[PDB]
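Visitor: Chains as they are written, first to last, in the entry's author numbering: chain F, 1277 to 2050; chain S, 1 to 94; chain G, 161 to 559; chain D, 719 to 798. All residues carry an ideal CB built from backbone N, CA and C; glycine is no exception.
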Amino acid sequence: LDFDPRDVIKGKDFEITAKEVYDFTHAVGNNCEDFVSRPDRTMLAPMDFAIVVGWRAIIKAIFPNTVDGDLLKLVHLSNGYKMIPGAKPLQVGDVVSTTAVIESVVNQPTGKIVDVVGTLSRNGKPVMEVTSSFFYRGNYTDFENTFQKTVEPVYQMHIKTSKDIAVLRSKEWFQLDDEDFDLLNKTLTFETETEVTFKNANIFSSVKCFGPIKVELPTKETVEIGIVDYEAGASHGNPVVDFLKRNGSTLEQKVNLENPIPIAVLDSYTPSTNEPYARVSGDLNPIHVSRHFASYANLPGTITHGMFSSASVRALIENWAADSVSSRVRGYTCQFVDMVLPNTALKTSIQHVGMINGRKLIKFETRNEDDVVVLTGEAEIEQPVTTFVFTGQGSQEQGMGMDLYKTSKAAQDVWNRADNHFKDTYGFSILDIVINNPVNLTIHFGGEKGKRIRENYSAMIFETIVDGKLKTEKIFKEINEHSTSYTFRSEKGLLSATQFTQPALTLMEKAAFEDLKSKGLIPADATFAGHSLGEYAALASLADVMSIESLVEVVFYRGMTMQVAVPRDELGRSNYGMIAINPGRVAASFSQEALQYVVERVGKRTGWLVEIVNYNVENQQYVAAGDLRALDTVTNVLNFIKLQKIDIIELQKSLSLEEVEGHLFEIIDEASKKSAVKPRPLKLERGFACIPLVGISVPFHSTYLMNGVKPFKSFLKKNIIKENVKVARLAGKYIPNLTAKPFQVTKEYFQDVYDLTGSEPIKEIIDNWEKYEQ
Amino acid sequence: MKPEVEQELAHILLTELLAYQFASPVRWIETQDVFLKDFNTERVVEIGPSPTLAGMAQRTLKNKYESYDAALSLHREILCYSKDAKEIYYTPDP
Amino acid sequence: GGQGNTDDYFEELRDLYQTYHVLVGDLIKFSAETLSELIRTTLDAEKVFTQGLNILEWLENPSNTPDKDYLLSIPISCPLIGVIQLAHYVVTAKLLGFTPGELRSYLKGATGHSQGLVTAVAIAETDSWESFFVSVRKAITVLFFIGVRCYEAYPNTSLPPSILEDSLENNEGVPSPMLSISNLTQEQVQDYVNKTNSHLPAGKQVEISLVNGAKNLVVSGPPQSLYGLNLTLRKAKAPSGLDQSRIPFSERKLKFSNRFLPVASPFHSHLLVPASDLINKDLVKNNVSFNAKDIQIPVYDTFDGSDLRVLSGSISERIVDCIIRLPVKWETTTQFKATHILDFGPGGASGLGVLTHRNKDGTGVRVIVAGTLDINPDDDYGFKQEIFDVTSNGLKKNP
Amino acid sequence: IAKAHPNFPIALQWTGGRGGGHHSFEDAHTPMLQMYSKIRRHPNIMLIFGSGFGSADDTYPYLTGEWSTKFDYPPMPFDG
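(1) Against chain S, does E1309 of chain F count as a neighbour if the rule is that its beta carbon must be under 8 Å from one of theirs?
(2) Can you tell me whether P727 of chain D is buried or exposed? The criterion is at least 16 other CB atoms within 10 Å of its CB, across all chains shown.
(3) In the stretch 356-389 of chain G, which residues sit with their C-beta less than 7 Å from some C-beta in chain S, listed in chain order?
(4) From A729 of chain D to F409 of chain G, what does the alpha carbon distance come to, in whole angstroms?
(5) Tell whether a beta-carbon distance below 8 Å holds between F420 of chain G and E332 of chain G.
(6) Rounded to whole angstroms, what's the CA-CA distance from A1780 of chain F to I1972 of chain F? Just pull it up for me.
(7) Using a beta-carbon distance below 8 Å, is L1320 of chain F in contact with chain S?
(8) Tell me the DSSP bridge mates of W732 of chain D?
(9) Give me the subset of the stretch 53-74 of chain S whose CB atoms are less than 9 Å from a CB atom of chain G, sorted by chain position.
(10) Relative to the alpha-carbon of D84 of chain S, which residue among S:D69, S:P49, S:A71 and S:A70 has its alpha-carbon at the smallest distance?
(11) In whole angstroms, what is the alpha-carbon distance linking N1995 of chain F and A1735 of chain F?
(12) From what residue to what residue does the alpha helix (DSSP H) around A1780 of chain F run?
(13) Does the stretch 1813-1822 of chain F come within contact of the stretch 1984-2003 of chain F, defined as at least 3 CB pairs closer than 8 Å?
(14) Please determine, among F:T1740, F:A1814 and F:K1439, the residue with the shortest C-alpha to C-alpha distance to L14 of chain S.
(15) Hey, quick one: how far does the alpha helix (DSSP H) through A1570 of chain F stretch, first residue to last?
(16) Closest by CA to residue 2058 of chain F, which one among F:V1329, F:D1391 and F:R1317?
(17) What residues are listed by DSSP as bridge partners for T1374 of chain F?
(18) Can you give, in chain order, each stretch of the beta strand (DSSP E) that sits fully within the stretch 475-506 of chain G and has at least 3 residues?
(19) Please identify, using Cβ separations under 8 Å, the residues of the stretch 318-330 of chain G that lie next to chain F, in order along the chain.
(20) Output yes if chain G places a C-beta closer than 8 Å to the C-beta of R1962 of chain F; else output no.
(21) Quick one: is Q1897 of chain F buried, meaning 16 or more other Cβ sit within 10 Å of its Cβ, or exposed?
(22) Measuring CB to CB, does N418 of chain G end up less than 8 Å from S472 of chain G?
(23) Residues of chain D with a CB under 7 Å from the CB of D538 of chain G: which are they?
(24) Flag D403 of chain G as yes if its beta-carbon sits less than 8 Å from any beta-carbon of chain D, otherwise no.
(25) Distance cutoff 8 Å, beta carbons only. Does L391 of chain G sit that close to anything in chain S?
(26) Go to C1610 of chain F, then tell me how far its beta strand (DSSP E) extends in each direction, as first and last residue.
(27) For the stretch 200-229 of chain G, which residues have a CB atom closer than 8 Å to at least one CB atom of chain F, in sequence order?
(28) According to DSSP, what are the bridge partners of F420 of chain G?
(29) Note down, in chain order, each residue of its chain lying with its Cβ closer than 7 Å to the Cβ of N1858 of chain F, except the 5 sequence neighbours on either side.
(30) In angstroms, rounded to a whole number, what distance separates the CA positions of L17 of chain S and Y352 of chain G?
(31) Please decide whether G1607 of chain F counts as near chain S, where near means a Cβ-Cβ distance under 8 Å.
(32) Below 8 Å on the Cβ atoms is my contact criterion, and I expect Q1451 of chain F with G1502 of chain F to pass it. Report the Cβ-Cβ distance as a whole number of Å.
(33) Chain F partners of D84 of chain S, CB-CB under 9 Å?
(34) Quick check on DSSP: helix, strand or coil for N1716 of chain F?
(35) According to a CB-to-CB cut-off of less than 8 Å, which residues of the stretch 2021-2037 of chain F neighbour chain S?
(36) Quick one: list the residues of chain S neighbouring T1979 of chain F, beta-carbon separation under 9 Å, in chain order.
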């Protein structure tokens, strides 16, 4: 019993056997028909089974002589498991190494408490953690070997003035790596841990408070700056926190749902005995099987093992809340209240209340036959395999999100930070755009700010791939050092202009998402992508690649660069556009290669531009873009061939695959000029199959625009930073629209993108790939 | 690997991906498939003002992944931030 | 009658211990006692039988009775089905002063559904009222070991309610390892399962378990897979109250019902093959072994419909292989010729003889119910009393 | 009806849409194939089957139940 209550306890390596779990489960009631299948397979075990292996170590902490108490009136007060993130559940072949340490041992008047924490690891990797709370009830006065230790509610401090950063710098535990830092408009977070040695129930004797101090970035991706180190004696409280309660706030990652929702009110039955468990767990406590102790304990009798109740209820849940998948459960705790006896049935309530880090938060409450409570706790349970997609341009409309911008602080904190930045950089708030789509927007270049901004407008360049020339070409040409204004025109309304659609869409989306994140609805293993525009919103939202501001700067640059590469008419109308196609309508046989044989021909013949730019849904949706004078002609041939239902498939298969060439040449060179006599202001239509895309007049996502990327790519390399990025939130979870395969850092991914784009960075990397070999 | 050289390499890959996201067509077929079939999602959320991908969904799912989804007891659920506010906030009343 | 014909089979024993107590007590005692003896002499069966198998006191007071999910299971039920059948046999053989041998002598042959088969061949060796309990043992042991070596080879596992509830409004009930399909052939469902399996792996694959009729079939597999099949059928349904009366024949949608049976494990599947060998030992561990010479009447293979006296080697092997691995062509076996049929099997009103008649209607054959005393207005079949009538009223003949 | 008047004969000139004049949807066989039994439980039913006969060869099976064979059913011969 000379165990050091402060040292760690080393358990012993334990291998798992399908026999032991098959025994446990039936000792329990965990009929979840997932933990077991055919033997000879890697079957997965229960979270609770961890106790089975931590026990022999979890309690070496409470035996020591310094920690004096009678194991008889001892009580189990609570217990919880936390499957650490990123680690899978556990299996049979999974041998384990456990470890245990007592976090805190306090000396109440009513006795003495202990809170222990165990950590398990397979292959040296931690797998899960376990908290346990006992009670050596009675009376004790050994404060000398008493102590306590905890983590605190991570505090948030939002700094706006400058007299606060001083009272801070006035401090002795508020030390940093560099006082030089700028502490205005910055948001700080304090993930502090406290240790303390007592000498009375209130009058401390030693106090440590350490922990990092982190800062918000424009991405809000916190980062470490300084360290707290508070030391003290004879305290009567903790200051390092008091200066945070009133000053700062509590970043409660939790969030309660609006209206509680019950899941079920179920019932189970204690065993008739408690020996099977006692054999499984190794918990040979006579208190549950023998009677000549419980009576020594002034108890009712051979009570159940409370941990049996924990497992019973957890399995009662898994099936219900997780539809009987266990991997989802990543946290579960329970608080024993009073004790029960075998052959007893219960009204265990279940209730969805909260959300945390994109996973659910349940509470339970086990009522007895007298409908009194014994168990209460909660469970952190994953959500289904989840997926977030983000839209493209074309879904815009008025009032979009502004219904919300009145509601979620988290979204106005975005729209503001964006507009306020535009106004200060380009001179226009969208919050006066979205609400009232105007037809024209004129920009004043007034005093200093006006000049700053007109150069912001002229400081940009339409670099363009000609001759290999990164063609330093002016974005705005009417602009000049002698100008004082500018005008944007859009006959319907500027929200109809890619110039200003893209950014507002990204806003609305990002705002929704960060509201959700405020509500903790976003996992870390979730997926994300977007359709030709939601990619950037997705990057930010999930991975916080970059700020709101650089983000929207570049989305704006992009809308323009899209705009510029085509010449327009009086107000901004040009001769290019795009169309959507449903092979299914022209013919249920109309394949994906039917679109090829029908589009390549118009392209080669009229020499005009038409090309399928989005593979949306096969045989049902494909969109192309390019010359309208050719696009609507391709439309015409389709609307003709459907009323003819000449299945180009039945042409490939009735005709040799080259006479089809002349046949379709004829059809199409006829239909083109039958359709190519349209006036310059070409109008688009849905005939049989294809649908116009108005608001859109540029054929992006086709080779015609290959030239406008180096401008872009360079702008990009400027705005974003290799630091803000974090692969952790890309691998598998990001799926480019270019490469439909999940983002991965591999030669094969690089070549997949390269062989189709043919760019130098891929090839030079795979050539120098061995940098990978550090 | 080395977290930092990899950070840089990823910064690059992302950069050029977004760059040549301008002309290379969108392989939405392949994505709509992979993330729907190789990861067996249960919840796809169309964050946007108008539900279109939803229309693009339950129209590739049903069209190509009906035998498959029934084969394995899938309650595949598609939502839009436009309309499915309670199916996403989990805030419905009876 | 085999398994999968009712929900409360145990209540069907009430009468025998309530009505015929004087006449079946010794037998049920022998059975329950040898059963507990198996539970003990065997190594680990003490686990699966959580609430035990003390059945006798489950009789006087139903309160001592567990519920289905422990009572409907195979290792607890199957032998009880066998003994129910045996009791419905003995009560008659007695009421006719017929010793088992005398009675057997009267028949052309016998056979059994999924499991009842053993009971049948059991009879085939009975000769006296004291050479009887031996065969009782020979069979009840088989059922015990079968239910057990199965229940672990593929136990039950609670099902995600996400299905449980939808299946209700969906016109269905609690899923179970086997599903019944009506009004549909054997080729259509075969196509459907070829599909449903194409998506899925072996360990979850399904297969047709019972060709009960020609349009009344049954398949087996994991409740999950079977529910998936259920939905890829919902795709093709045609609610019987649709009234396609105004659309030509060929242009109509196949309407048919289907539902899960109160079963606890997928008989006649590949899932349970691993247990087969295991039991051929547990038997020879005991002394059980059936012989052709010992059987005077023929019994037919649920699979081939052929006789068992004629067989290469052991019989119990082909037996089990037909209970767990192979399906049943209830017609290929019922290719025999007779005039009368009677099922001691469970269910009765809903038992096997009913659907047998539904197949054997225009063939000139008459079925009865040797397990229940009740009435059928149409008298398309009969019941117990129709056996004992010494009058012409008893010898009723459907056409 | 028959059950209500057991001793008065009743002739069922069953027939399928394939017959001239008015023209049902049902097929000639299946409802017969599945109600012959329910019928013969009442002897006051004289059964007759039309809709597509012009010779002896075309109907003799219907007279001797042979038709029901190919549908894997007991022979169900017709009264007229």
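Guide: Well, looking at it:
(1) Residue mapping note: residue 1309 of chain F aligns to position 33 of the first sequence, counting from 1. Under the Cβ distance rule, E1309 of chain F does not count among the residues neighbouring chain S, no pair being separated by less than 8 Å.
(2) As a position in the fourth sequence, residue 727 of chain D is number 9, starting the count at 1. Here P727 of chain D is exposed. Its C-beta has fewer than 16 other C-beta atoms within 10 Å.
(3) Within the stretch 356-389 of chain G, the residues whose Cβ lies closer than 7 Å to some Cβ of chain S are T356, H359, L360, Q384, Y387 and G388, listed in chain order.
(4) Counting from 1 along the fourth sequence, the entry for residue 729 of chain D is found at position 11. Counting from 1 along the third sequence, the entry for residue 409 of chain G is found at position 249. Rounded to the nearest whole angstrom, the CA to CA distance from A729 of chain D to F409 of chain G is 25 Å.
(5) Indexing the third sequence from 1 puts residue 420 of chain G at position 260. Indexing the third sequence from 1 puts residue 332 of chain G at position 172. Going by C-beta atoms, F420 of chain G is nearer than 8 Å to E332 of chain G.
(6) To locate residue 1780 of chain F, count along the first sequence from 1; it is residue 504. To locate residue 1972 of chain F, count along the first sequence from 1; it is residue 696. Whole-angstrom Cα-Cα distance: 16 Å.
(7) What you label residue 1320 of chain F is simply residue 44 of the first sequence in a count that begins at 1. Closer than 8 Å: no.
(8) The residue given as residue 732 of chain D occupies position 14 in the fourth sequence. According to DSSP, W732 of chain D bridges with D:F767.
(9) Answer in chain order: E66, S67, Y68, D69, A70, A71, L72, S73 and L74.
(10) Against the second sequence, residue 84 of chain S aligns to sequence position 84. Considering only S:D69, S:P49, S:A71 and S:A70, the residue with the shortest C-alpha distance to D84 of chain S is S:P49.
(11) The sequence position of residue 1995 of chain F within the first sequence is 719, counting from 1. The sequence position of residue 1735 of chain F within the first sequence is 459, counting from 1. Answer to the nearest angstrom: the Cα atoms are 15 Å apart.
(12) Position 504 of the first sequence, counted from the first residue, corresponds to residue 1780 of chain F. For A1780 of chain F, the uninterrupted alpha helix (DSSP H) run begins and ends at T1774 to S1794, by DSSP.
(13) At 8 Å Cβ cutoff, the stretches touch.
(14) Here residue 14 of chain S corresponds to residue number 14 of the second sequence, with the count starting at 1. For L14 of chain S, the nearest C-alpha among the options comes from F:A1814.
(15) Taking the first sequence and counting its residues from 1, the one referred to as residue 1570 of chain F is at position 294. Annotation: the continuous alpha helix (DSSP H) that includes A1570 of chain F extends over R1567 to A1570.
(16) Outside the shown range of chain F (1277 to 2050) lies residue 2058 of chain F, about which nothing can therefore be said.
(17) Stepping through the first sequence from its first residue, residue 1374 of chain F is reached at position 98. The partner list for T1374 of chain F (beta bridge, DSSP) reads F:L1396.
(18) Within the stretch 475-506 of chain G, complete beta strand (DSSP E) segments of at least 3 residues are found at 500-503, given in chain order.
(19) Among the residues of the stretch 318-330 of chain G, those with a Cβ less than 8 Å away from any Cβ of chain F are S318, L319, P320, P321 and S322, in the order of the chain.
(20) Here residue 1962 of chain F is taken as the residue at index 686 of the first sequence, counted from 1. So no, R1962 of chain F is outside the interface.
(21) Counting from 1 along the first sequence, the entry for residue 1897 of chain F is found at position 621. Residue environment for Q1897 of chain F: buried (at least 16 other C-beta atoms within 10 angstroms of its C-beta).
(22) For the purposes of this step, residue 418 of chain G is taken as residue 258 along the third sequence, with counting starting at 1. For the purposes of this step, residue 472 of chain G is taken as residue 312 along the third sequence, with counting starting at 1. Going by C-beta atoms, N418 of chain G is not nearer than 8 Å to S472 of chain G.
(23) For the purposes of this step, residue 538 of chain G is identified with residue 378 of the third sequence, where counting begins at 1. The contacting residues are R759.
(24) For the purposes of this step, residue 403 of chain G is taken as the residue at position 243 of the third sequence. Not closer than 8 Å to any Cβ of chain D, the Cβ of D403 of chain G fails to qualify, so no.
(25) Residue mapping note: residue 391 of chain G aligns to position 231 of the third sequence, counting from 1. Yes, contact with chain S.
(26) Locating residue 1610 of chain F in the first sequence gives position 334, where the first residue counts as 1. Going by DSSP, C1610 of chain F is part of the beta strand (DSSP E) stretching over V1605 to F1612.
(27) Within the stretch 200-229 of chain G, the residues whose Cβ lies closer than 8 Å to some Cβ of chain F are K207 and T210, listed in chain order.
(28) Here residue 420 of chain G refers to the residue found at position 260 when the third sequence is read from its first residue. As computed with DSSP, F420 of chain G is found in a beta bridge with G:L339.
(29) Taking the first residue of the first sequence as position 1, residue 1858 of chain F is located at position 582. If we look at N1858 of chain F and ignore the five residues flanking it on each side, its Cβ neighbours are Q1896, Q1897 and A1965.
(30) Along the second sequence, one-based indexing puts residue 17 of chain S at 17. Along the third sequence, one-based indexing puts residue 352 of chain G at 192. Approximately 44 Å between the Cα atoms of the pair.
(31) Translated into positions along the first sequence, residue 1607 of chain F becomes position 331. Residue-level contact check: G1607 of chain F does not touch chain S, since none of the beta carbons of chain S fall below 8 Å from its beta carbon.
(32) Locating residue 1451 of chain F in the first sequence gives position 175, counting from the first residue. Locating residue 1502 of chain F in the first sequence gives position 226, counting from the first residue. With 8 Å as the limit, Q1451 of chain F and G1502 of chain F qualify as a contact, their Cβ atoms being about 6 Å apart.
(33) Taking the second sequence and counting its residues from 1, the one referred to as residue 84 of chain S is at position 84. The premise fails here: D84 of chain S is roughly 12 Å from chain F at the closest Cβ pair, so nothing lies under 9 Å.
(34) By 1-based counting over the first sequence, the position of residue 1716 of chain F is 440. Three-state DSSP puts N1716 of chain F in a strand.
(35) Cβ contacts with chain S come from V2021, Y2025, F2026, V2029, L2032, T2033, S2035 and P2037.
(36) Here residue 1979 of chain F refers to the residue found at position 703 when the first sequence is read from its first residue. Taking a Cβ-Cβ threshold of 9 Å, the residues of chain S close to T1979 of chain F are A23 and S24, in chain order.
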